[PDB]
Amino acid sequence: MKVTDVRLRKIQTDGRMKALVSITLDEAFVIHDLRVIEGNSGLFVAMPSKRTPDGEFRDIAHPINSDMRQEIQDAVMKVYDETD
Amino acid sequence: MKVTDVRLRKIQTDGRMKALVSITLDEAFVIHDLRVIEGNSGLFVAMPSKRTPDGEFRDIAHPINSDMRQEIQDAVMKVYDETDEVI
(Lines give C-alpha, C1' and ligand atoms only; values in the text may rest on other atoms or scores of the structure.)
Protein backbone atom coordinates (compact mmCIF):
# COMPACT_ATOMS: atom_id res chain seq x y z
CA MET A 1 0.00 0.00 0.00
CA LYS A 2 2.81 2.44 0.87
CA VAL A 3 5.72 3.32 -1.41
CA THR A 4 8.59 3.03 1.05
CA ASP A 5 11.44 3.68 -1.36
CA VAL A 6 12.10 5.27 -4.76
CA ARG A 7 15.29 4.92 -6.76
CA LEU A 8 15.86 6.68 -10.08
CA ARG A 9 18.50 7.95 -12.49
CA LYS A 10 17.80 10.95 -14.74
CA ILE A 11 18.84 10.45 -18.37
CA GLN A 12 20.56 13.26 -20.35
CA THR A 13 18.19 13.41 -23.32
CA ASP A 14 16.04 15.37 -25.73
CA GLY A 15 14.00 12.15 -25.61
CA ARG A 16 10.69 11.93 -23.79
CA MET A 17 11.98 9.11 -21.58
CA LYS A 18 13.39 11.07 -18.66
CA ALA A 19 14.30 8.46 -16.02
CA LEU A 20 14.36 4.78 -15.13
CA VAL A 21 12.79 4.16 -11.70
CA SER A 22 12.52 1.40 -9.09
CA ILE A 23 10.00 1.47 -6.26
CA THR A 24 9.60 -0.53 -3.03
CA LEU A 25 6.19 -1.46 -1.56
CA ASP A 26 5.93 -1.86 2.21
CA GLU A 27 9.67 -2.62 2.56
CA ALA A 28 8.85 -6.09 1.11
CA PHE A 29 8.62 -6.01 -2.69
CA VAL A 30 10.52 -4.01 -5.32
CA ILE A 31 9.41 -3.21 -8.86
CA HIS A 32 11.94 -2.14 -11.47
CA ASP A 33 11.68 -0.56 -14.87
CA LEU A 34 9.21 2.22 -14.19
CA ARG A 35 9.79 5.32 -16.34
CA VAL A 36 9.31 9.08 -16.01
CA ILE A 37 7.97 10.21 -19.38
CA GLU A 38 7.75 13.90 -20.37
CA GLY A 39 5.65 15.30 -23.20
CA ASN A 40 3.79 18.53 -23.87
CA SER A 41 0.70 17.14 -22.07
CA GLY A 42 2.74 16.59 -18.87
CA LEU A 43 5.03 14.20 -17.00
CA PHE A 44 3.90 10.71 -16.10
CA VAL A 45 5.19 7.49 -14.54
CA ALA A 46 4.83 4.44 -16.77
CA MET A 47 4.70 0.98 -15.22
CA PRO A 48 7.06 -1.65 -16.59
CA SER A 49 5.45 -3.31 -19.60
CA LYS A 50 6.01 -5.99 -22.21
CA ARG A 51 4.64 -7.40 -25.46
CA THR A 52 2.17 -10.21 -24.66
CA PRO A 53 1.61 -13.72 -26.31
CA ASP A 54 0.99 -11.83 -29.57
CA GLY A 55 0.96 -8.14 -30.44
CA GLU A 56 0.15 -5.72 -27.64
CA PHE A 57 1.89 -4.16 -24.64
CA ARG A 58 0.54 -4.20 -21.14
CA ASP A 59 1.87 -3.38 -17.70
CA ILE A 60 3.69 -6.25 -16.01
CA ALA A 61 2.96 -4.48 -12.70
CA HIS A 62 -0.24 -2.56 -12.22
CA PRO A 63 -1.86 -0.56 -9.38
CA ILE A 64 -5.53 -1.59 -9.27
CA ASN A 65 -7.13 1.73 -8.39
CA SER A 66 -6.64 5.45 -9.20
CA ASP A 67 -5.66 6.29 -5.64
CA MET A 68 -2.68 3.89 -5.76
CA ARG A 69 -1.72 5.16 -9.23
CA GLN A 70 -1.64 8.81 -8.05
CA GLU A 71 0.33 7.82 -4.94
CA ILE A 72 3.05 6.17 -7.09
CA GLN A 73 3.17 9.16 -9.42
CA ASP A 74 3.49 11.61 -6.52
CA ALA A 75 6.12 9.48 -4.70
CA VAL A 76 8.21 9.22 -7.88
CA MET A 77 7.76 12.83 -8.99
CA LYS A 78 8.88 14.14 -5.57
CA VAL A 79 12.21 12.30 -5.92
CA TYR A 80 12.45 13.27 -9.57
CA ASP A 81 12.11 16.98 -8.73
CA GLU A 82 14.77 16.38 -6.02
CA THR A 83 17.22 14.80 -8.48
CA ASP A 84 20.23 16.33 -10.32
CA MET B 1 1.61 -7.64 2.48
CA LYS B 2 -0.92 -10.35 1.66
CA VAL B 3 -1.24 -12.20 -1.65
CA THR B 4 -5.01 -11.93 -1.89
CA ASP B 5 -5.72 -13.02 -5.43
CA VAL B 6 -3.96 -15.55 -7.66
CA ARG B 7 -4.79 -16.15 -11.30
CA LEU B 8 -3.15 -19.02 -13.06
CA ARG B 9 -2.98 -20.47 -16.57
CA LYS B 10 -1.36 -23.91 -16.99
CA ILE B 11 1.09 -24.04 -19.88
CA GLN B 12 0.42 -26.98 -22.18
CA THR B 13 3.96 -27.21 -23.58
CA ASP B 14 5.75 -29.94 -21.61
CA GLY B 15 8.91 -28.01 -20.68
CA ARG B 16 10.24 -26.17 -17.62
CA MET B 17 7.35 -23.67 -17.58
CA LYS B 18 4.26 -25.15 -15.95
CA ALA B 19 2.06 -22.03 -15.58
CA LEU B 20 1.84 -18.28 -16.12
CA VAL B 21 0.64 -16.44 -13.02
CA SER B 22 -0.83 -13.11 -11.83
CA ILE B 23 -1.05 -12.16 -8.16
CA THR B 24 -2.54 -9.24 -6.27
CA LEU B 25 -0.69 -7.67 -3.32
CA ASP B 26 -2.66 -5.86 -0.55
CA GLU B 27 -5.60 -5.62 -2.99
CA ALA B 28 -3.53 -2.58 -4.15
CA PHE B 29 -1.12 -3.86 -6.86
CA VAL B 30 -1.26 -6.66 -9.45
CA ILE B 31 1.87 -8.36 -10.76
CA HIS B 32 1.60 -10.35 -14.01
CA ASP B 33 3.95 -12.90 -15.56
CA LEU B 34 5.12 -14.90 -12.56
CA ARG B 35 6.04 -18.37 -13.78
CA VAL B 36 5.61 -21.80 -12.24
CA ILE B 37 8.90 -23.46 -13.08
CA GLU B 38 10.08 -27.06 -12.61
CA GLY B 39 13.55 -26.76 -11.15
CA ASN B 40 15.96 -29.46 -10.09
CA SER B 41 14.41 -30.07 -6.66
CA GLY B 42 10.70 -29.47 -7.42
CA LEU B 43 8.33 -26.75 -8.63
CA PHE B 44 8.82 -23.11 -7.64
CA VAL B 45 7.58 -19.62 -8.54
CA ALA B 46 9.83 -17.48 -10.74
CA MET B 47 9.49 -13.70 -11.02
CA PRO B 48 8.39 -11.56 -14.00
CA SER B 49 11.12 -11.66 -16.60
CA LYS B 50 11.54 -9.31 -19.56
CA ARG B 51 13.72 -9.91 -22.62
CA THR B 52 16.14 -7.03 -23.28
CA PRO B 53 16.55 -5.81 -26.93
CA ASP B 54 19.75 -7.88 -27.16
CA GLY B 55 18.20 -11.12 -25.88
CA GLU B 56 19.20 -10.99 -22.24
CA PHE B 57 16.64 -11.07 -19.39
CA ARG B 58 15.72 -8.63 -16.64
CA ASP B 59 13.97 -9.76 -13.42
CA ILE B 60 11.43 -6.92 -13.11
CA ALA B 61 9.81 -7.46 -9.70
CA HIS B 62 10.86 -9.50 -6.67
CA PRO B 63 10.51 -9.88 -2.88
CA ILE B 64 13.15 -8.35 -0.58
CA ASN B 65 12.23 -10.15 2.64
CA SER B 66 11.64 -13.78 3.57
CA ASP B 67 7.99 -13.39 4.61
CA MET B 68 7.10 -11.83 1.23
CA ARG B 69 9.04 -14.51 -0.69
CA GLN B 70 7.37 -17.34 1.26
CA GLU B 71 3.85 -15.88 0.98
CA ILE B 72 4.17 -15.61 -2.83
CA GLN B 73 5.59 -19.15 -3.19
CA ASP B 74 2.92 -20.50 -0.82
CA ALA B 75 -0.10 -18.67 -2.24
CA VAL B 76 0.84 -19.50 -5.82
CA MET B 77 1.70 -23.18 -5.34
CA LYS B 78 -1.56 -23.64 -3.40
CA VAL B 79 -3.57 -22.54 -6.48
CA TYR B 80 -1.35 -24.53 -8.86
CA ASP B 81 -1.90 -27.71 -6.82
CA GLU B 82 -5.68 -27.19 -7.19
CA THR B 83 -5.46 -27.51 -11.01
CA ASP B 84 -6.91 -30.65 -12.65
CA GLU B 85 -3.60 -31.86 -14.09
CA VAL B 86 -2.00 -32.31 -10.61
CA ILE B 87 -2.93 -35.42 -8.62
# chains A, B, ... in the order shown; residues from 1 in each chain; ligands from 1
call {"tool": "residues_around", "arguments": {"residues": "residue 28 in chain A", "least_positions_apart": "2", "cutoff": "9 Å", "atoms": "only C-alpha atoms", "output": "ChimeraX atom specification"}}
result
/A:24-26,30 /B:1,62-69
call {"tool": "interface_residues", "arguments": {"of": "chain B", "to": "chain A", "cutoff": "10 Å", "atoms": "only C-alpha atoms", "output": "MDAnalysis selection string"}}
result
chainID B and resid 1 22:34 48:51 58:69
call {"tool": "select_by_dssp", "arguments": {"residues": "chain A", "states": "alpha helix (DSSP H)", "output": "PyMOL selection string"}}
result
chain A and resi 66-82
call {"tool": "select_by_dssp", "arguments": {"residues": "chain B", "states": "strand (DSSP E)", "output": "PyMOL selection string"}}
result
chain B and resi 3-10+17-25+29-39+42-46+49-51+57-59+61-63
